[PDB]
Structures are given as C-alpha cells and as structure tokens.
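> Input structure: query_16.cif, which contains mmCIF, N, CA and C atoms.
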```
data_input
loop_
_atom_site.group_PDB
_atom_site.id
_atom_site.type_symbol
_atom_site.label_atom_id
_atom_site.label_comp_id
_atom_site.auth_asym_id
_atom_site.auth_seq_id
_atom_site.Cartn_x
_atom_site.Cartn_y
_atom_site.Cartn_z
ATOM 1 N N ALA R 1 20.493 -27.436 11.730
ATOM 2 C CA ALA R 1 20.594 -28.639 10.838
ATOM 3 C C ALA R 1 19.998 -28.351 9.470
ATOM 4 N N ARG R 2 19.030 -27.436 9.454
ATOM 5 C CA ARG R 2 18.537 -26.772 8.252
ATOM 6 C C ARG R 2 17.613 -25.635 8.667
ATOM 7 N N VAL R 3 17.808 -24.473 8.053
ATOM 8 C CA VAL R 3 16.909 -23.344 8.242
ATOM 9 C C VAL R 3 15.982 -23.245 7.026
ATOM 10 N N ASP R 4 14.684 -23.274 7.309
ATOM 11 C CA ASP R 4 13.682 -23.002 6.300
ATOM 12 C C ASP R 4 13.361 -21.519 6.388
ATOM 13 N N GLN R 5 13.637 -20.801 5.306
ATOM 14 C CA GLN R 5 13.276 -19.374 5.224
ATOM 15 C C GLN R 5 12.149 -19.190 4.240
ATOM 16 N N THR R 6 11.115 -18.461 4.671
ATOM 17 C CA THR R 6 10.009 -18.137 3.782
ATOM 18 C C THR R 6 9.482 -16.683 3.895
ATOM 19 N N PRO R 7 8.986 -16.096 2.788
ATOM 20 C CA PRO R 7 8.820 -16.609 1.417
ATOM 21 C C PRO R 7 10.139 -16.559 0.672
ATOM 22 N N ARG R 8 10.256 -17.329 -0.410
ATOM 23 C CA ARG R 8 11.459 -17.360 -1.208
ATOM 24 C C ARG R 8 11.539 -16.103 -2.076
ATOM 25 N N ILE R 9 10.382 -15.652 -2.577
ATOM 26 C CA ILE R 9 10.283 -14.411 -3.376
ATOM 27 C C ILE R 9 9.098 -13.543 -2.928
ATOM 28 N N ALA R 10 9.224 -12.225 -3.081
ATOM 29 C CA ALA R 10 8.144 -11.309 -2.715
ATOM 30 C C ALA R 10 8.138 -10.052 -3.598
ATOM 31 N N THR R 11 6.953 -9.601 -3.984
ATOM 32 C CA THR R 11 6.833 -8.323 -4.664
ATOM 33 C C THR R 11 5.832 -7.458 -3.915
ATOM 34 N N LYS R 12 6.359 -6.444 -3.244
ATOM 35 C CA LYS R 12 5.569 -5.483 -2.509
ATOM 36 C C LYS R 12 5.407 -4.139 -3.243
ATOM 37 N N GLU R 13 4.390 -3.386 -2.828
ATOM 38 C CA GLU R 13 4.207 -1.988 -3.208
ATOM 39 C C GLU R 13 4.694 -1.069 -2.066
ATOM 40 N N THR R 14 5.194 0.116 -2.406
ATOM 41 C CA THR R 14 5.760 0.986 -1.372
ATOM 42 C C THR R 14 4.731 1.145 -0.276
ATOM 43 N N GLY R 15 5.190 1.182 0.969
ATOM 44 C CA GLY R 15 4.289 1.293 2.100
ATOM 45 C C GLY R 15 3.773 -0.013 2.680
ATOM 46 N N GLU R 16 3.939 -1.124 1.959
ATOM 47 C CA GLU R 16 3.551 -2.428 2.508
ATOM 48 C C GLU R 16 4.570 -2.936 3.554
ATOM 49 N N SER R 17 4.252 -4.074 4.175
ATOM 50 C CA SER R 17 5.144 -4.782 5.090
ATOM 51 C C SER R 17 5.545 -6.089 4.454
ATOM 52 N N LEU R 18 6.735 -6.560 4.791
ATOM 53 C CA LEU R 18 7.115 -7.934 4.547
ATOM 54 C C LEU R 18 7.528 -8.607 5.858
ATOM 55 N N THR R 19 7.106 -9.853 6.021
ATOM 56 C CA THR R 19 7.558 -10.665 7.111
ATOM 57 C C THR R 19 8.259 -11.867 6.509
ATOM 58 N N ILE R 20 9.492 -12.086 6.937
ATOM 59 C CA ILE R 20 10.280 -13.254 6.503
ATOM 60 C C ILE R 20 10.436 -14.118 7.723
ATOM 61 N N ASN R 21 10.086 -15.392 7.577
ATOM 62 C CA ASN R 21 10.106 -16.383 8.654
ATOM 63 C C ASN R 21 11.257 -17.363 8.487
ATOM 64 N N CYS R 22 12.061 -17.532 9.533
ATOM 65 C CA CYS R 22 13.140 -18.540 9.530
ATOM 66 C C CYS R 22 12.898 -19.582 10.588
ATOM 67 N N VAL R 23 12.521 -20.786 10.162
ATOM 68 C CA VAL R 23 12.342 -21.908 11.083
ATOM 69 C C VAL R 23 13.632 -22.766 11.151
ATOM 70 N N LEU R 24 14.141 -22.995 12.362
ATOM 71 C CA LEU R 24 15.329 -23.817 12.563
ATOM 72 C C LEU R 24 14.887 -25.249 12.835
ATOM 73 N N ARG R 25 14.896 -26.056 11.786
ATOM 74 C CA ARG R 25 14.344 -27.383 11.889
ATOM 75 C C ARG R 25 15.416 -28.297 12.440
ATOM 76 N N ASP R 26 15.286 -28.644 13.717
ATOM 77 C CA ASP R 26 16.279 -29.451 14.409
ATOM 78 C C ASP R 26 15.685 -30.050 15.655
ATOM 79 N N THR R 27 15.617 -31.373 15.717
ATOM 80 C CA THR R 27 15.060 -32.053 16.899
ATOM 81 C C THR R 27 16.012 -32.006 18.109
ATOM 82 N N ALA R 28 17.274 -31.650 17.840
ATOM 83 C CA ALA R 28 18.329 -31.569 18.857
ATOM 84 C C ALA R 28 18.678 -30.159 19.413
ATOM 85 N N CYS R 29 18.531 -29.084 18.619
ATOM 86 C CA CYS R 29 19.022 -27.740 19.039
ATOM 87 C C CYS R 29 18.021 -26.582 18.996
ATOM 88 N N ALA R 30 18.229 -25.638 19.908
ATOM 89 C CA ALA R 30 17.417 -24.445 20.010
ATOM 90 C C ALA R 30 18.012 -23.305 19.202
ATOM 91 N N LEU R 31 17.179 -22.616 18.448
ATOM 92 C CA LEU R 31 17.590 -21.365 17.848
ATOM 93 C C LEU R 31 17.848 -20.347 18.965
ATOM 94 N N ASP R 32 19.107 -20.087 19.298
ATOM 95 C CA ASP R 32 19.390 -19.136 20.371
ATOM 96 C C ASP R 32 19.293 -17.669 19.940
ATOM 97 N N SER R 33 19.887 -17.341 18.797
ATOM 98 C CA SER R 33 19.954 -15.969 18.287
ATOM 99 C C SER R 33 19.770 -15.985 16.778
ATOM 100 N N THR R 34 19.512 -14.816 16.198
ATOM 101 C CA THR R 34 19.458 -14.661 14.750
ATOM 102 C C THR R 34 20.058 -13.322 14.417
ATOM 103 N N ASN R 35 20.719 -13.252 13.266
ATOM 104 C CA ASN R 35 20.996 -11.978 12.613
ATOM 105 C C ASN R 35 20.379 -11.963 11.214
ATOM 106 N N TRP R 36 20.190 -10.763 10.689
ATOM 107 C CA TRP R 36 19.496 -10.576 9.447
ATOM 108 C C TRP R 36 20.380 -9.770 8.508
ATOM 109 N N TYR R 37 20.418 -10.171 7.237
ATOM 110 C CA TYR R 37 21.317 -9.609 6.242
ATOM 111 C C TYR R 37 20.569 -9.196 5.003
ATOM 112 N N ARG R 38 20.965 -8.061 4.454
ATOM 113 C CA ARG R 38 20.358 -7.535 3.274
ATOM 114 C C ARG R 38 21.435 -7.351 2.256
ATOM 115 N N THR R 39 21.183 -7.833 1.052
ATOM 116 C CA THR R 39 21.975 -7.448 -0.092
ATOM 117 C C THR R 39 21.042 -6.659 -1.011
ATOM 118 N N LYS R 40 21.296 -5.357 -1.189
ATOM 119 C CA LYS R 40 20.491 -4.510 -2.084
ATOM 120 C C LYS R 40 20.516 -5.060 -3.501
ATOM 121 N N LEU R 41 19.382 -4.994 -4.196
ATOM 122 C CA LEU R 41 19.268 -5.561 -5.534
ATOM 123 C C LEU R 41 20.225 -4.865 -6.477
ATOM 124 N N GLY R 42 21.040 -5.658 -7.171
ATOM 125 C CA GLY R 42 22.051 -5.158 -8.104
ATOM 126 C C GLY R 42 23.445 -4.996 -7.509
ATOM 127 N N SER R 43 23.524 -4.983 -6.185
ATOM 128 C CA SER R 43 24.793 -4.871 -5.467
ATOM 129 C C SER R 43 25.314 -6.273 -5.135
ATOM 130 N N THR R 44 26.559 -6.347 -4.678
ATOM 131 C CA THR R 44 27.120 -7.605 -4.229
ATOM 132 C C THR R 44 27.555 -7.477 -2.760
ATOM 133 N N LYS R 45 27.314 -6.296 -2.188
ATOM 134 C CA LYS R 45 27.590 -5.993 -0.778
ATOM 135 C C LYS R 45 26.461 -6.465 0.170
ATOM 136 N N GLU R 46 26.801 -7.385 1.080
ATOM 137 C CA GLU R 46 25.926 -7.822 2.175
ATOM 138 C C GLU R 46 26.096 -6.912 3.393
ATOM 139 N N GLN R 47 24.972 -6.465 3.943
ATOM 140 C CA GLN R 47 25.005 -5.755 5.227
ATOM 141 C C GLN R 47 24.118 -6.407 6.260
ATOM 142 N N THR R 48 24.610 -6.416 7.494
ATOM 143 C CA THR R 48 23.811 -6.823 8.624
ATOM 144 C C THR R 48 22.845 -5.692 8.974
ATOM 145 N N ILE R 49 21.582 -6.050 9.144
ATOM 146 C CA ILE R 49 20.556 -5.119 9.614
ATOM 147 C C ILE R 49 20.490 -5.011 11.141
ATOM 148 N N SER R 50 20.642 -3.815 11.682
ATOM 149 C CA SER R 50 20.404 -3.623 13.101
ATOM 150 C C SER R 50 18.881 -3.501 13.356
ATOM 151 N N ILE R 51 18.359 -4.407 14.183
ATOM 152 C CA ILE R 51 16.928 -4.531 14.465
ATOM 153 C C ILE R 51 16.424 -3.404 15.360
ATOM 154 N N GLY R 52 15.371 -2.730 14.901
ATOM 155 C CA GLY R 52 14.824 -1.547 15.565
ATOM 156 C C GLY R 52 14.132 -0.650 14.547
ATOM 157 N N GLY R 53 13.339 0.302 15.033
ATOM 158 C CA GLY R 53 12.634 1.238 14.139
ATOM 159 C C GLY R 53 11.603 0.458 13.353
ATOM 160 N N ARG R 54 11.661 0.539 12.028
ATOM 161 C CA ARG R 54 10.679 -0.178 11.211
ATOM 162 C C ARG R 54 11.064 -1.608 10.934
ATOM 163 N N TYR R 55 12.150 -2.053 11.564
ATOM 164 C CA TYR R 55 12.563 -3.436 11.493
ATOM 165 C C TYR R 55 12.315 -4.110 12.820
ATOM 166 N N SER R 56 11.538 -5.181 12.796
ATOM 167 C CA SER R 56 11.323 -5.891 14.028
ATOM 168 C C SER R 56 11.504 -7.385 13.866
ATOM 169 N N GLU R 57 11.823 -8.028 14.983
ATOM 170 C CA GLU R 57 11.989 -9.467 15.023
ATOM 171 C C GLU R 57 11.051 -10.076 16.032
ATOM 172 N N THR R 58 10.311 -11.077 15.583
ATOM 173 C CA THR R 58 9.425 -11.814 16.447
ATOM 174 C C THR R 58 10.044 -13.191 16.658
ATOM 175 N N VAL R 59 10.168 -13.605 17.925
ATOM 176 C CA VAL R 59 10.635 -14.979 18.280
ATOM 177 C C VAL R 59 9.527 -15.934 18.782
ATOM 178 N N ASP R 60 9.576 -17.173 18.301
ATOM 179 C CA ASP R 60 8.657 -18.232 18.723
ATOM 180 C C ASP R 60 9.466 -19.454 19.155
ATOM 181 N N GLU R 61 9.608 -19.588 20.461
ATOM 182 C CA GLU R 61 10.314 -20.703 21.065
ATOM 183 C C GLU R 61 9.753 -22.100 20.711
ATOM 184 N N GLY R 62 8.444 -22.235 20.636
ATOM 185 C CA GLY R 62 7.869 -23.543 20.397
ATOM 186 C C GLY R 62 8.101 -24.065 19.008
ATOM 187 N N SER R 63 8.178 -23.136 18.061
ATOM 188 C CA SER R 63 8.355 -23.427 16.640
ATOM 189 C C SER R 63 9.806 -23.347 16.198
ATOM 190 N N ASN R 64 10.697 -23.017 17.140
ATOM 191 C CA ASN R 64 12.136 -22.831 16.900
ATOM 192 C C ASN R 64 12.378 -21.782 15.803
ATOM 193 N N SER R 65 11.694 -20.640 15.911
ATOM 194 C CA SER R 65 11.674 -19.662 14.818
ATOM 195 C C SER R 65 11.930 -18.204 15.198
ATOM 196 N N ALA R 66 12.328 -17.423 14.186
ATOM 197 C CA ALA R 66 12.492 -15.954 14.248
ATOM 198 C C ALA R 66 12.000 -15.352 12.938
ATOM 199 N N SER R 67 11.155 -14.325 13.058
ATOM 200 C CA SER R 67 10.613 -13.613 11.910
ATOM 201 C C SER R 67 11.025 -12.146 11.864
ATOM 202 N N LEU R 68 11.461 -11.716 10.693
ATOM 203 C CA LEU R 68 11.733 -10.308 10.506
ATOM 204 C C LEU R 68 10.553 -9.617 9.834
ATOM 205 N N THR R 69 10.040 -8.579 10.486
ATOM 206 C CA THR R 69 9.079 -7.694 9.831
ATOM 207 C C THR R 69 9.719 -6.361 9.437
ATOM 208 N N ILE R 70 9.598 -5.999 8.158
ATOM 209 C CA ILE R 70 9.993 -4.648 7.678
ATOM 210 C C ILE R 70 8.759 -3.852 7.268
ATOM 211 N N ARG R 71 8.486 -2.764 7.975
ATOM 212 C CA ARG R 71 7.289 -1.938 7.729
ATOM 213 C C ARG R 71 7.620 -0.738 6.828
ATOM 214 N N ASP R 72 6.599 -0.063 6.311
ATOM 215 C CA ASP R 72 6.766 1.111 5.423
ATOM 216 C C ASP R 72 7.777 0.904 4.276
ATOM 217 N N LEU R 73 7.538 -0.109 3.439
ATOM 218 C CA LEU R 73 8.557 -0.548 2.438
ATOM 219 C C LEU R 73 8.861 0.522 1.423
ATOM 220 N N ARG R 74 10.113 0.587 1.003
ATOM 221 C CA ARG R 74 10.552 1.591 0.042
ATOM 222 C C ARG R 74 11.268 0.862 -1.077
ATOM 223 N N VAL R 75 11.258 1.413 -2.284
ATOM 224 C CA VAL R 75 11.939 0.788 -3.433
ATOM 225 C C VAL R 75 13.403 0.424 -3.130
ATOM 226 N N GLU R 76 14.046 1.179 -2.242
ATOM 227 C CA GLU R 76 15.432 0.891 -1.828
ATOM 228 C C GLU R 76 15.589 -0.307 -0.838
ATOM 229 N N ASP R 77 14.459 -0.845 -0.384
ATOM 230 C CA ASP R 77 14.468 -2.081 0.398
ATOM 231 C C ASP R 77 14.612 -3.321 -0.488
ATOM 232 N N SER R 78 14.308 -3.208 -1.783
ATOM 233 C CA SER R 78 14.562 -4.297 -2.740
ATOM 234 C C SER R 78 15.961 -4.890 -2.588
ATOM 235 N N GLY R 79 16.039 -6.211 -2.493
ATOM 236 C CA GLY R 79 17.305 -6.894 -2.205
ATOM 237 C C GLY R 79 17.086 -8.346 -1.855
ATOM 238 N N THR R 80 18.179 -9.052 -1.603
ATOM 239 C CA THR R 80 18.115 -10.411 -1.066
ATOM 240 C C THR R 80 18.363 -10.337 0.426
ATOM 241 N N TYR R 81 17.478 -10.982 1.153
ATOM 242 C CA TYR R 81 17.503 -10.941 2.590
ATOM 243 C C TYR R 81 17.725 -12.373 3.047
ATOM 244 N N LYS R 82 18.558 -12.525 4.072
ATOM 245 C CA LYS R 82 18.899 -13.822 4.621
ATOM 246 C C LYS R 82 18.942 -13.698 6.135
ATOM 247 N N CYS R 83 18.586 -14.797 6.816
ATOM 248 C CA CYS R 83 18.843 -14.983 8.249
ATOM 249 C C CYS R 83 20.008 -15.952 8.476
ATOM 250 N N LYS R 84 20.754 -15.678 9.548
ATOM 251 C CA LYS R 84 21.758 -16.567 10.100
ATOM 252 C C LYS R 84 21.249 -16.950 11.470
ATOM 253 N N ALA R 85 21.061 -18.247 11.689
ATOM 254 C CA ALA R 85 20.553 -18.772 12.939
ATOM 255 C C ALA R 85 21.692 -19.340 13.758
ATOM 256 N N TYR R 86 21.878 -18.809 14.964
ATOM 257 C CA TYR R 86 22.802 -19.363 15.945
ATOM 258 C C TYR R 86 22.066 -20.408 16.792
ATOM 259 N N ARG R 87 22.798 -21.387 17.323
ATOM 260 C CA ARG R 87 22.168 -22.529 17.996
ATOM 261 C C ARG R 87 22.677 -22.755 19.415
ATOM 262 N N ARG R 88 21.793 -23.289 20.241
ATOM 263 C CA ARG R 88 22.095 -23.660 21.605
ATOM 264 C C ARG R 88 21.762 -25.134 21.605
ATOM 265 N N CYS R 89 22.790 -25.973 21.691
ATOM 266 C CA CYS R 89 22.571 -27.408 21.667
ATOM 267 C C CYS R 89 22.748 -27.986 23.064
ATOM 268 N N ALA R 90 22.307 -29.227 23.255
ATOM 269 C CA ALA R 90 22.431 -29.888 24.549
ATOM 270 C C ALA R 90 23.887 -30.082 24.990
ATOM 271 N N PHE R 91 24.838 -30.031 24.054
ATOM 272 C CA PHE R 91 26.247 -30.273 24.394
ATOM 273 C C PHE R 91 27.072 -29.011 24.646
ATOM 274 N N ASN R 92 27.781 -28.554 23.614
ATOM 275 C CA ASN R 92 28.865 -27.583 23.757
ATOM 276 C C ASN R 92 29.063 -26.640 22.564
ATOM 277 N N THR R 93 30.190 -25.928 22.603
ATOM 278 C CA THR R 93 30.652 -25.095 21.509
ATOM 279 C C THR R 93 30.997 -25.969 20.293
ATOM 280 N N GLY R 94 30.047 -26.041 19.363
ATOM 281 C CA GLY R 94 30.211 -26.799 18.130
ATOM 282 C C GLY R 94 29.867 -25.920 16.944
ATOM 283 N N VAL R 95 30.137 -26.433 15.737
ATOM 284 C CA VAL R 95 29.927 -25.732 14.441
ATOM 285 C C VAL R 95 28.464 -25.327 14.131
ATOM 286 N N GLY R 96 28.117 -24.111 14.542
ATOM 287 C CA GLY R 96 26.775 -23.615 14.397
ATOM 288 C C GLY R 96 26.714 -22.308 13.655
ATOM 289 N N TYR R 97 25.507 -21.774 13.623
ATOM 290 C CA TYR R 97 25.078 -20.770 12.661
ATOM 291 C C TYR R 97 24.819 -21.482 11.351
ATOM 292 N N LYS R 98 23.531 -21.576 11.047
ATOM 293 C CA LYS R 98 23.025 -22.077 9.794
ATOM 294 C C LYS R 98 22.277 -20.923 9.145
ATOM 295 N N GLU R 99 22.260 -20.908 7.820
ATOM 296 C CA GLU R 99 21.709 -19.795 7.054
ATOM 297 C C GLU R 99 20.395 -20.175 6.374
ATOM 298 N N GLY R 100 19.510 -19.189 6.203
ATOM 299 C CA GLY R 100 18.359 -19.331 5.308
ATOM 300 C C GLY R 100 18.812 -19.242 3.859
ATOM 301 N N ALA R 101 18.062 -19.864 2.937
ATOM 302 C CA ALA R 101 18.406 -19.843 1.503
ATOM 303 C C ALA R 101 18.072 -18.503 0.793
ATOM 304 N N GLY R 102 17.329 -17.638 1.480
ATOM 305 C CA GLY R 102 17.087 -16.252 1.051
ATOM 306 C C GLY R 102 15.657 -15.886 0.685
ATOM 307 N N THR R 103 15.341 -14.587 0.777
ATOM 308 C CA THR R 103 14.144 -13.970 0.162
ATOM 309 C C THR R 103 14.530 -12.870 -0.862
ATOM 310 N N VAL R 104 14.016 -12.951 -2.098
ATOM 311 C CA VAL R 104 14.186 -11.858 -3.085
ATOM 312 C C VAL R 104 12.992 -10.864 -3.097
ATOM 313 N N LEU R 105 13.192 -9.708 -2.471
ATOM 314 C CA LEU R 105 12.150 -8.697 -2.389
ATOM 315 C C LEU R 105 12.325 -7.630 -3.468
ATOM 316 N N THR R 106 11.236 -7.351 -4.181
ATOM 317 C CA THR R 106 11.161 -6.199 -5.076
ATOM 318 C C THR R 106 10.036 -5.256 -4.614
ATOM 319 N N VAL R 107 10.366 -3.972 -4.480
ATOM 320 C CA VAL R 107 9.384 -2.974 -4.054
ATOM 321 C C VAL R 107 9.102 -1.999 -5.183
ATOM 322 N N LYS R 108 7.831 -1.980 -5.580
ATOM 323 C CA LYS R 108 7.308 -1.154 -6.662
ATOM 324 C C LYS R 108 8.033 -1.391 -7.962
#
```
For this file, write the structure as structure tokens.

Amino acid sequence: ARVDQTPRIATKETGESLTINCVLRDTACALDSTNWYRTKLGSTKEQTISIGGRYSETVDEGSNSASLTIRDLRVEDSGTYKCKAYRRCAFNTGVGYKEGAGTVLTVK
C-alpha cells in the first residue's frame, strides 16, 4: 500500500557498508518477497541484484520489512537503489509489488 525506503540519500567512503531498509506499511498485507535493483550513477540501465556474497538481506516479519546490506563499498557501487516488495494478502492474486522511492548512494 506504500513502501517506505530509507535512507533517501547516502555518501559512503570505500570500504564502508550501507543498509537500505524497506518497510511495507500495510495493515492488511504481508511483505512476502523482495527484489533489489541498482541503477549505476550516470546510467539509465536498471539491474536486479542477486543476493549473496557482500550483498545480504535481513527480514523482519514483525515490522513488515526487508533490509539490504552492501559491504566493502566501491566507487562503482554508486547508483540509485530500489526495492520491489511482493505481497501476501488475506485474499488472492491481486495487483501487488510496490516499490521503494529509492536511495542515491555515492561512494568516495
């Protein structure tokens, strides 16, 4: 019904971590799944990130949330990052997947 993504902007130094939090604010539906997308800074190409290695996802059922952690940051990680939240509602197959408004990360 609305995804709150935070932080909206970030400036890291190489080697730092960023954690982006996506809360699915909905009194009716569960955040079932999430995917994570990166658009490299200056590009217009969106890519889905496969979670693993220095990319991790933390899930919190009580808060209806998913967080992406990116460790060992590199200048090439600079980009716009977004989550897409899939939903499990009390009913059926309905119009779901809501998006975060984005994080703008700059590294070094």
> Check which residues satisfy the PyMOL selection byres ((chain R and resi 25-29) around 7) in the file shown, then give them as a VMD selection string.
chain R and resid 1 to 4 22 to 24 30 to 32 64 87 to 90
> Between R:108, R:21, R:61, R:103, which residue has the minimum interatomic distance to residue 76 in chain R, considering only N, CA and C atoms?
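Among the listed residues, the smallest separation from residue 76 in chain R belongs to R:108.
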> Range 58-62 of chain R, all listed atoms, 3 Å padding on each side: what axis-aligned box centre and edge lengths in Å to one decimal come out, as JSON?

```
{"center_x": 9.3, "center_y": -17.6, "center_z": 18.3, "size_x": 8.8, "size_y": 19.0, "size_z": 11.5}
```
> Starting from the shown file, work through the PyMOL selection byres ((chain R and resi 55) around 7) and note down what comes out as a PyMOL selection string.
chain R and resi 50-54+56-57+68-71
> Run DSSP on the backbone and grab whatever in chain R lands in strand (DSSP E); send it over as an NGL selection string.
:R and (3-6 or 9-12 or 18-24 or 29-40 or 46-48 or 55-60 or 65-70 or 79-89 or 98-99 or 103-107)
> Have a look at atom N of residue 20 in chain R and CA of residue 96 in chain R and let me know their distance in Å, one decimal.
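Going from atom N of residue 20 in chain R over to CA of residue 96 in chain R covers 22.1 Å.
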> With only C-alpha atoms as the atoms that count, which of R:18, R:41, R:85, R:104 lies nearest to residue 73 in chain R?
R:18
> Report, in Å to a single decimal, how far apart CA of residue 5 in chain R and atom C of residue 81 in chain R are.
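Taking atom C of residue 81 in chain R as the start and CA of residue 5 in chain R as the end point, the length is 8.6 Å.
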> Using all atoms listed in the file, determine which residues lie at most 8 Å from residue 14 in chain R, disregarding the query and same-chain residues fewer than 3 positions distant; provide the list as a list in words.
residues 11, 17, 71, 72, 73, 74, 75, 106, 107 and 108 of chain R
> Counting only C-alpha atoms, figure out which residue out of R:84, R:65, R:93, R:101 gets nearest to residue 48 in chain R.
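Closest candidate: R:84.
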> To one decimal place in Å, what is the distance between CA of residue 91 in chain R and CA of residue 6 in chain R?
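CA of residue 6 in chain R lies at a distance of 28.9 Å from CA of residue 91 in chain R.
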> Nearest to residue 105 in chain R among R:39, R:67, R:58, R:47, with distances taken over only C-alpha atoms: which residue is it?
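Looking only at the distances to residue 105 in chain R, the closest residue turns out to be R:39.
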> Find the residue from R:43, R:86, R:102, R:36 that sits nearest to residue 8 in chain R; use all atoms listed in the file when measuring.
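For residue 8 in chain R, the nearest of the candidates is R:102.
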> Any chance you could model N, CA, C and O atoms for range 81-99 of chain R and send them as a short mmCIF file (atom, residue, chain, number, x, y, z; two decimals), in the frame of the given file?

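Saved file part.cif follows:
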```cif
data_model
loop_
_atom_site.label_atom_id
_atom_site.label_comp_id
_atom_site.auth_asym_id
_atom_site.auth_seq_id
_atom_site.Cartn_x
_atom_site.Cartn_y
_atom_site.Cartn_z
N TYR R 81 17.48 -10.98 1.15
CA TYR R 81 17.50 -10.94 2.59
C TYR R 81 17.73 -12.37 3.05
O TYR R 81 17.18 -13.32 2.46
N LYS R 82 18.56 -12.52 4.07
CA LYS R 82 18.90 -13.82 4.62
C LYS R 82 18.94 -13.70 6.14
O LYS R 82 19.29 -12.63 6.66
N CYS R 83 18.59 -14.80 6.82
CA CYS R 83 18.84 -14.98 8.25
C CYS R 83 20.01 -15.95 8.48
O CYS R 83 20.24 -16.88 7.68
N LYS R 84 20.75 -15.68 9.55
CA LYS R 84 21.76 -16.57 10.10
C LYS R 84 21.25 -16.95 11.47
O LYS R 84 21.01 -16.08 12.30
N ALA R 85 21.06 -18.25 11.69
CA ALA R 85 20.55 -18.77 12.94
C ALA R 85 21.69 -19.34 13.76
O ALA R 85 22.39 -20.22 13.30
N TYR R 86 21.88 -18.81 14.96
CA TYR R 86 22.80 -19.36 15.94
C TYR R 86 22.07 -20.41 16.79
O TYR R 86 20.84 -20.34 16.94
N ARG R 87 22.80 -21.39 17.32
CA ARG R 87 22.17 -22.53 18.00
C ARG R 87 22.68 -22.76 19.42
O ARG R 87 23.82 -22.43 19.75
N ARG R 88 21.79 -23.29 20.24
CA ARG R 88 22.10 -23.66 21.60
C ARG R 88 21.76 -25.13 21.60
O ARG R 88 20.60 -25.51 21.45
N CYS R 89 22.79 -25.97 21.69
CA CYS R 89 22.57 -27.41 21.67
C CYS R 89 22.75 -27.99 23.06
O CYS R 89 23.28 -27.32 23.95
N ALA R 90 22.31 -29.23 23.26
CA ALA R 90 22.43 -29.89 24.55
C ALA R 90 23.89 -30.08 24.99
O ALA R 90 24.14 -30.27 26.17
N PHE R 91 24.84 -30.03 24.05
CA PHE R 91 26.25 -30.27 24.39
C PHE R 91 27.07 -29.01 24.65
O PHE R 91 27.06 -28.47 25.75
N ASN R 92 27.78 -28.55 23.61
CA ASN R 92 28.86 -27.58 23.76
C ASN R 92 29.06 -26.64 22.56
O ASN R 92 28.23 -26.56 21.65
N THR R 93 30.19 -25.93 22.60
CA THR R 93 30.65 -25.10 21.51
C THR R 93 31.00 -25.97 20.29
O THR R 93 32.08 -26.58 20.22
N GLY R 94 30.05 -26.04 19.36
CA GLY R 94 30.21 -26.80 18.13
C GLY R 94 29.87 -25.92 16.94
O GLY R 94 29.37 -24.80 17.13
N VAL R 95 30.14 -26.43 15.74
CA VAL R 95 29.93 -25.73 14.44
C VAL R 95 28.46 -25.33 14.13
O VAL R 95 27.69 -26.08 13.52
N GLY R 96 28.12 -24.11 14.54
CA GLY R 96 26.78 -23.62 14.40
C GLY R 96 26.71 -22.31 13.66
O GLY R 96 27.72 -21.77 13.19
N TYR R 97 25.51 -21.77 13.62
CA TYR R 97 25.08 -20.77 12.66
C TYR R 97 24.82 -21.48 11.35
O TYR R 97 25.71 -22.02 10.72
N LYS R 98 23.53 -21.58 11.05
CA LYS R 98 23.02 -22.08 9.79
C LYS R 98 22.28 -20.92 9.14
O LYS R 98 21.75 -20.06 9.83
N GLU R 99 22.26 -20.91 7.82
CA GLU R 99 21.71 -19.80 7.05
C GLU R 99 20.40 -20.18 6.37
O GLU R 99 20.20 -21.34 6.00
#
```
